Amino acid sequence: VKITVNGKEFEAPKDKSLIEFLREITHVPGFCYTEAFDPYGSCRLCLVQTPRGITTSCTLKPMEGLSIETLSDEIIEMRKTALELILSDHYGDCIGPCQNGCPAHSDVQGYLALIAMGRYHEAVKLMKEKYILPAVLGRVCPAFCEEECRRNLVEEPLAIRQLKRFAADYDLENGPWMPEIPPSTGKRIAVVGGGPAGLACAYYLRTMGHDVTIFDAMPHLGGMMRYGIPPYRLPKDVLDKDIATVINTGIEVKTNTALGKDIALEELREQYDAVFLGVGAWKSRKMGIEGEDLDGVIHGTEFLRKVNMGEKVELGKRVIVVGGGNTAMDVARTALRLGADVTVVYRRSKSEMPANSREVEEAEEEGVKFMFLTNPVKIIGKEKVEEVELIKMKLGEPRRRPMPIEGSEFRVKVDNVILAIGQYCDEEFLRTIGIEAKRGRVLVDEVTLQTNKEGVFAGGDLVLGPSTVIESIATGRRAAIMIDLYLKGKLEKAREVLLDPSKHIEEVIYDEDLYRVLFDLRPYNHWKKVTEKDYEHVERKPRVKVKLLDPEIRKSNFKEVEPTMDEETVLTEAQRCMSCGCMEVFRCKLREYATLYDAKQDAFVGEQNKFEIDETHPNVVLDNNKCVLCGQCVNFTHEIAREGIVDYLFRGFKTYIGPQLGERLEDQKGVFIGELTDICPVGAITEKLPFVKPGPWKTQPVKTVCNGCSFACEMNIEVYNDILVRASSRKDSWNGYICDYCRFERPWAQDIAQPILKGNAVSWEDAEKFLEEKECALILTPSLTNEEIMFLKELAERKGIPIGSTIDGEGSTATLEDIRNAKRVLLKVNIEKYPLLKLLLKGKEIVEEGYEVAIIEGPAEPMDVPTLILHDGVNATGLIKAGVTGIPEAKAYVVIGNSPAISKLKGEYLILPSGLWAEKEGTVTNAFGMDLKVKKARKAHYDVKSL
Amino acid sequence: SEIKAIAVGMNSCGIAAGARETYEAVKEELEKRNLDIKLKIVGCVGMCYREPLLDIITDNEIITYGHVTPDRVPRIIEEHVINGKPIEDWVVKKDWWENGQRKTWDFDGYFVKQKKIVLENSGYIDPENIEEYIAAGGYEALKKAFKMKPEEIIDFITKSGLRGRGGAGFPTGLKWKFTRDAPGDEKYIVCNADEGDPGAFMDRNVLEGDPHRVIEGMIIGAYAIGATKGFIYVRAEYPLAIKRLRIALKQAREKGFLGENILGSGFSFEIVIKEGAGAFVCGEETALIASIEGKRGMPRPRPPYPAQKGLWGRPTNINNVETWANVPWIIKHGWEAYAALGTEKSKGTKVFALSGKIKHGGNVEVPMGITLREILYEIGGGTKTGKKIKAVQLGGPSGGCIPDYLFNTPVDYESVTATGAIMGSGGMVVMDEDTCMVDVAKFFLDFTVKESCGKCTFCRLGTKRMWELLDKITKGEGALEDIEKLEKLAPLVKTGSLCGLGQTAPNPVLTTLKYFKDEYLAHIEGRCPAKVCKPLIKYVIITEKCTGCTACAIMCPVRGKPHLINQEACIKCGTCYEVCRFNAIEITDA
Amino acid sequence: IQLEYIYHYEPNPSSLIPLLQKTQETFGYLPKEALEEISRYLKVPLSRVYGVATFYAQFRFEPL
Ligand SMILES: Cc1cc2nc3c(=O)[nH]c(=O)nc-3n(C[C@H](O)[C@H](O)[C@H](O)COP(=O)(O)OP(=O)(O)OC[C@H]3O[C@@H](n4cnc5c(N)ncnc54)[C@H](O)[C@@H]3O)c2cc1C
Ligand SMILES: NC(=O)c1ccc[n+]([C@@H]2O[C@H](COP(=O)([O-])OP(=O)(O)OC[C@H]3O[C@@H](n4cnc5c(N)ncnc54)[C@H](O)[C@@H]3O)[C@@H](O)[C@H]2O)c1
Ligand SMILES: Cc1cc2nc3c(=O)[nH]c(=O)nc-3n(C[C@H](O)[C@H](O)[C@H](O)COP(=O)(O)O)c2cc1C
Ligand code: SF4
Ligand code: SF4
Ligand code: SF4
Ligand code: SF4
Ligand code: SF4
Ligand code: SF4
Ligand code: SF4
Ligand code: SF4
Ligand code: FES
Ligand SMILES: [Zn+2]
Ligand SMILES: [Zn+2]
């Protein structure tokens, strides 16, 4: 039959549900559908518009001439309302608050877990995805991620900045991590400004393909990282190494080539595809009082760049500094080291100080005098500054903008005045380049960050004024995203989608770039309204302290105040993480649908059920707070597994999915409890990963098979850069499911480390001596792929060595289709030993006579009826072509792999290791005689064929 | 002629009123004054507002007495069966025969516009005796249908316009035709007696008063369809109905109407009474099938209809008790007589449960296509205290409120469906000027929230959200944004639910918004016009009219002078304004 | 023993609701051991027994 969907003529099968075909052609959300069971209408998300009204596509079978509207306004409204209803009951955090607090929004939890595991290069690799210069940020960043960490609700926020500094230093010293550069996109980008924003824009446009050219006035890169932040906070060799990490990606650096003095912005646009203005705010804002022209009045930024560049600045004993930003702190602690008595003046109170708080505390330790709630009025002196009159300030209620008191006459005799009121870019330069700005801050659209001149983007201190390194890097990354979007002509649709994607859902689905931009910039994060009472059960762990240089010796040298933490305390500090983010954040479909449909958590608010988490099982967690009640786990365990692990309990708003009253998941005697982790779509049933910190990583599945028994079930191994995380089930696998033995005992993730010689873990030299000295026979365990078997057989043939195996027999004339179609079976093997037979033989006649098919245990002889013979080796059907036969009864043996039948051998035996199963590539033959591919998750450390 | 029988209505309504005591008193009086007069029990006649009912039966007239407590049984015995004088004060119903028909005179005019088709034998025959049902013309339709071909019976039912009395109004003949045409060999038929409406008891009344009518309808339907087993899905909360069904089944089995070779036609059919544990959702046919199979009653997507895949896969026909009870009348009097009643698109008669603030409440058998105001004012007698009726809600807790100015609407499927309500169970709850409509909507939404199975997201979640919004409005903590959210959400919950419970869930809110938005807007201002919402009102005592009750604050949990009321810590319960002397407690706002 | 009532019902899963009602009659509630014997005799999972029992509001599990 043929149907019309959204006005386009389509051909669809008549028996299958419409949701399959529709999901093939368009985006149809839905939780509670799978082909294994009958259609379920428990989520109501697959709605379509039909002539009879709105109805669910999973229950719709195609009918002739049916018109389907998948994305009408009413359908979007209904799906958005349904998602908001579901989110009103959802409980959990998609990401940790550490990622939300970071202006770059970096995966803090993941690289903390990687630091706990000891893989510092991988932690730095995860850091690089959101921001550049992790060592610089580990030294200077104000640590916005620790402001709202969930460990603030227990004892103390995690040392994210210090652990990041340790990992970045380890990566800098022990071989830097450099990303992979995609092939050239043919576009060149010009960046004006060598600061953090320019470096971030250049790095993230280089990692996309476009070649980047950086224009910087000063001879060095870093901008105010080099000529701003003083060297006792950020050593310049560390900065050289970090900027080298950025620049080795292929960014051509043009220094002493300034915009407005060497090239013009019109010519810059004419000669380049796109331009980013990260020129910073290098001009210092004059305070605006009488007598500012007196000798001895200098600007804070000019003073700092004079000190950093290695020039002589004439500084007296008594210095007053005006400002409250980081600039005032750096000029204060730099003038203190030069031999002055420095005071800092600020209009507002201590808590409103934009400066980094730890730097304020350190300056208090070093002896910097702070004046808060005061401001200068005029600078008194004949020609040089001798005294400045201030007025005490008090900011009343309206913002609370400061307004001075009527009169106090704060007159202080001082030798130098240093102005650090703020920063801006020159208004004359901004006007002469035709770039609009207000008060020196460039005017741009908030989303696109694009100026009034087409092709020109801006960010950093130029746009945000008094910003930080991380905020400038975030603006630069956003500008790289927008420059890539503008280069492929998608900037306007992207702007509209980022404003509201629920109006352009088809365009979001159609273009992968819009999907990526939506999920990178505007993702739906579910948030938990937590307080101190929700973390009363965790064990208090102290935060590690790094010893600073002594304040008295600190106030007289330009040496680094804070060192990198010890390697011994790194694991202890990284194991205090509570893993607040959802373990299924990268796979949860509720999050994806709420991102696509612009669902709000606050739309419908009210009672939600609070469930305790069922972690009592050895390897499976059941969190009913994240349950959307699709019933797929219940349908599996009661229809296919036929184990009855869990079921619906109670009805209405109080419904949940639990084992039974009075028992938890540990007491259940099922062998398919680990399949429910792949069954659940919204992270309610999850798997306990064996690592110390399982912090979710964007893993990649690899197609391989299991080696638990001769079934050799196809499965996906989830890998995160050579980490073997977990085993999952593929939809395109003939079995479709894997058993708990394979998942949790992990026969694919273990082997024997050393060759075995009568229970002795001898080295390979002794094993080679044993092999060469004696003419042992070659015995093969069935845990080797077909290529390994062929290689060993060919070696034995050309070297004239008898060849054998731990198992002998023949048969297996039954295919999977025969087991499916036959009605009567003969059961001799123990069912519990082979768990897939539970699913394959469900609802079939088990008889002793007249059987159509039989299951027998190796060694066995094939019968006239289609027979299944089950060995205990994955490639035990490797004898169907090689004819490797059994033990040839020789003197001493070399056997590749460990089997219980080794004890049956007569004489001393050398057990060669068969290698790690997950590291092998080849084809295997299972019981049903189908050739299944095995692929490597990681690189093979040692090879069996080369032994 | 001479008085042959004394009868008392012994349905659940009669027992609740005290018909057991009346029955025992009559038996004792017949023993004490030695009289050989038969004493049988009958069903509920229909006048539920005058129970218990005692019948004096002669060969030509039946004189029914209302409100017959045990104290007045001696007087009626002495005056009527000993001396021979009707007590015209207590005669609430007189029944005589004219040319083979039954003529009824009612004191209150209850029966003037009533046409009893389903309930014609209720209150006149013994439900526990198959001989009386046989003598009253029963089971003759069974023999006539056995002399007909099953296809002819299906066409017979189709031509009558007998739409589904279960609430949705599906053509029953089409349902039987589908079930018979369904590919298979072993078929089942189910009587749907899971009457989940707390205010409707019509189907239970049919199962109690006239169970053989339901049994005969089921046997006719089974012969038409080709069924071999029959299931009567009735709640175990209905014990009297189950007992009478069991005794009627055994009596029909011993008289050759159930079992092997029913009336020598080569037809075998047994009826099994399946008992449900009690849920409003398992009255839905798919949840009924799931509960009979031993699962939990979660409704499934219906396009695989129960006629095609019902009980254990095999085809199943599921009809209401009233639908089965109309079938013998159709086979007996022909489809011409059933097509002679009702409107064009809604034939026959409908059984309505009149409740609420109505005067002549009970189960009315009225023709379809009747003006609503006739049922409300002549049959129902208007309101109890003469107050003007503000609205009526039809369909039970899943129905809609039809306002007073639409009482000219004919009562039929299409008219009530288009007005905003639904037929539902068949209950009319009368709401007057004293009734706050927002509280009524909250009551029905609370019942829907309680009775949801919790399968689909829209019902389970949106019904709870709608109830939260209604409780926010009722406590006065609402705004126009909440009304906007309700006006958005209610159509979405109606459109996006899976079973009829959630699809009919937003009906009360929708109809109250469409007709009574005045109280919706007024509850935003912290004022309840009907003065029944507890947080939006208080209770004050006026000194100008109060007296020395000395129990005004004592009867209420909370000397010769107007007492005090702690409005700060009052419960706003209301056990002062009803138990009051003179008129001393006005309500007013808080 | 009190669990003799299970053997008068047909050992089919559809007898669950009648068996649950009879257990509620016999003990006033659904005992753990009675429910386990119902699960073994009907050969239905205990999780489904508890799901059916918790679906209906009349069924009680405490000894009351
Ligand atoms: C803890 C901390 C302490 C800080 N302390 C200070 C401090 O003491 N002083 C301070 O100033 N900032 C300080 N900052 C802020 C610092 O400037 C950050 O790096 C800033 O947020 C990022 O600047 P930017 O990327 O916009 O460009 P910047 O790093 O500010 O530099 C802009 C670049 O543009 C170049 N440029 C300027 N004009 C032109 C032109 N006409 N043509 C071409 N190129 C041009 C400059 O040479 C420079 O390389 C601090 C930040 C933090 C987090
Ligand atoms: N091809 C077929 O065989 C076929 C096709 C369509 C319908 N049908 C049958 O038609 C019938 C009606 O189907 P439908 O989808 O129109 O409706 P439905 O079975 O979903 O019933 C919905 C109705 O239930 C009523 N209702 C709500 N609460 C009630 C209560 N407490 N008591 C009584 N009634 C209540 C309401 O009036 C509502 O309109 C069903 O029996 C169905 O199987 C069969
Ligand atoms: C929530 C709900 C409750 C229902 N309750 C009953 C009921 O108690 N009795 C009944 O006959 N139909 C009830 N129905 C309607 C049934 O689903 C079905 O339509 C009915 O059995 C058809 O009977 P009919 O052919 O006489 O119309 C209910 C439907 C719903 C959605
Ligand atoms: S990832 Fe999914 S399940 Fe986890 S908190 Fe977010 S929405 Fe909920
Ligand atoms: S850049 Fe700063 S805020 Fe972001 S994770 Fe690192 S330390 Fe935290
Ligand atoms: S405990 Fe770990 S995951 Fe949670 S907020 Fe802190 S750093 Fe992030
Ligand atoms: S726990 Fe079961 S019912 Fe709940 S969301 Fe997961 S699969 Fe669906
Ligand atoms: S059934 Fe055998 S092959 Fe399949 S996953 Fe389990 S152990 Fe591995
Ligand atoms: S509408 Fe309510 S009762 Fe009907 S299937 Fe959905 S949740 Fe269950
Ligand atoms: S009930 Fe009325 S009359 Fe009696 S004490 Fe109370 S207010 Fe006074
Ligand atoms: S009946 Fe209730 S509202 Fe009235 S006085 Fe007593 S406590 Fe107060
Ligand atoms: S309702 Fe169709 S997928 Fe859930
Ligand atoms: Zn009655
Ligand atoms: Zn009110």
Side-chain angles (χ1 to χ4, degrees), chain A residues 17 29-33 37-47 49 52-61 63 74-75 77-90 590 603-609 628-631 634 638 647-657, chain B residues 277-282 286-287 290-291 295-305 309 313 446-472 481-482 484-486 488-499 501-503:
Chain A
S17 64
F31 298 148
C32 58
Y33 183 75
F37 333 115
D38 283 5
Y40 218 68
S42 68
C43 80
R44 315 267 78 196
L45 279 179
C46 54
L47 314 161
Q49 182 150 350
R52 278 81 61 177
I54 283 86
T55 175
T56 39
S57 61
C58 58
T59 76
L60 252 52
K61 296 185 179 59
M63 192 176 302
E74 289 78 11
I75 290 298
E77 182 180 359
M78 293 212 66
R79 280 169 182 164
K80 180 188 299 184
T81 308
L83 288 174
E84 288 166 359
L85 289 175
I86 294 179
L87 290 170
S88 301
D89 209 6
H90 211 240
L590 220 196
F604 302 99
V605 185
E607 303 176 357
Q608 46 185 11
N609 312 282
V628 301
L629 287 179
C630 58
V634 177
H638 284 281
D647 204 328
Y648 285 90
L649 294 179
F650 301 96
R651 78 172 187 272
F653 194 70
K654 317 292 293 183
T655 317
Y656 64 97
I657 303 308
Chain B
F280 189 87
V281 66
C282 64
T286 56
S291 64
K295 315 173 181 299
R296 40 153 44 203
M298 316 199 85
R300 68 170 210 269
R302 224 138 68 260
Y305 278 102
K309 284 195 60 180
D446 179 76
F447 187 84
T448 299
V449 161
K450 208 76 58 53
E451 300 303 88
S452 171
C453 67
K455 185 176 175 176
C456 78
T457 52
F458 266 105
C459 184
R460 177 177 81 252
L461 298 166
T463 323
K464 200 64 158 51
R465 296 319 170 209
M466 287 182 66
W467 180 84
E468 288 291 337
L469 292 166
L470 278 180
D471 197 64
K472 176 185 292 296
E481 311 300 323
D482 296 317
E484 242 69 22
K485 291 182 69 175
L486 272 177
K488 180 178 60 58
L489 186 56
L492 303 174
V493 177
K494 164 179 286 296
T495 308
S497 292
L498 179 58
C499 88
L501 187 148
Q503 301 178 359

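Protein chains get the first letters and strands the later ones, always in sequence-line order, with residue 1 at the start of each. Reckoned from all heavy atoms, side chains included, excluding hydrogens, waters and symmetry mates.
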Which is it for A:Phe604 and B:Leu489 under the side-chain contact (heavy atoms from CB on, under 4.5 Å) test, yes or no, and what are the steps along the way?
CA-CA 10 Å; A:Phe604 302 99; B:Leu489 186 56; 3.7 Å; yes

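- Interatomic distance, CG of B:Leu461 versus OG1 of A:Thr81, reported as 12.0 Å (0.5 Å rounding).
- With values rounded to the nearest 0.5 angstrom, B:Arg296 atom CZ is found 9.5 Å from A:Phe650 atom CZ.
- Listed by chain and number, the residues in a side chain to side chain donor-acceptor pair (under 3.5 Å) with A:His638 are A:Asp647, C:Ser47 (sequence neighbours excluded).
- The CZ atom of B:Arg460 lies 13.0 Å from the NZ atom of A:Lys654; values are rounded to the nearest 0.5 Å.
- Contact of B:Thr463 with chain A is not made at all, since no heavy-atom distance falls under 4.5 Å.
- Not counting sequence neighbours, B:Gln503 has no partner by the side chain to side chain donor-acceptor pair (under 3.5 Å) test.
- The contact list for residues 37-45 of chain A toward chain B, using heavy atoms and a distance under 4.5 Å, reads A:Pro39, A:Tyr40, A:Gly41, A:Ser42, A:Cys43, A:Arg44 by residue number.
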With salt bridge (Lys or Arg N to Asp or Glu O under 4.0 Å) as the criterion, how do A:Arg651 and B:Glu451 come out once you've worked through the C-alpha distance, each side chain's angles and the decisive distance to 0.1 Å?
CA-CA 8 Å; A:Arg651 78 172 187 272; B:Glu451 300 303 88; 3.4 Å; yes

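- Counting all heavy atoms, side chain and backbone alike, A:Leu85 lies closest to B:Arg465 at CD2-CG, 3.6 Å.
- Considering only residues two or more places apart in sequence or on other chains, A:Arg79 meets the side chain to side chain donor-acceptor pair (under 3.5 Å) condition with A:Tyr597.
- Residues B:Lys455 and A:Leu629 have side chains not in contact (no heavy-atom distance under 4.5 Å, counting atoms from C-beta outward).
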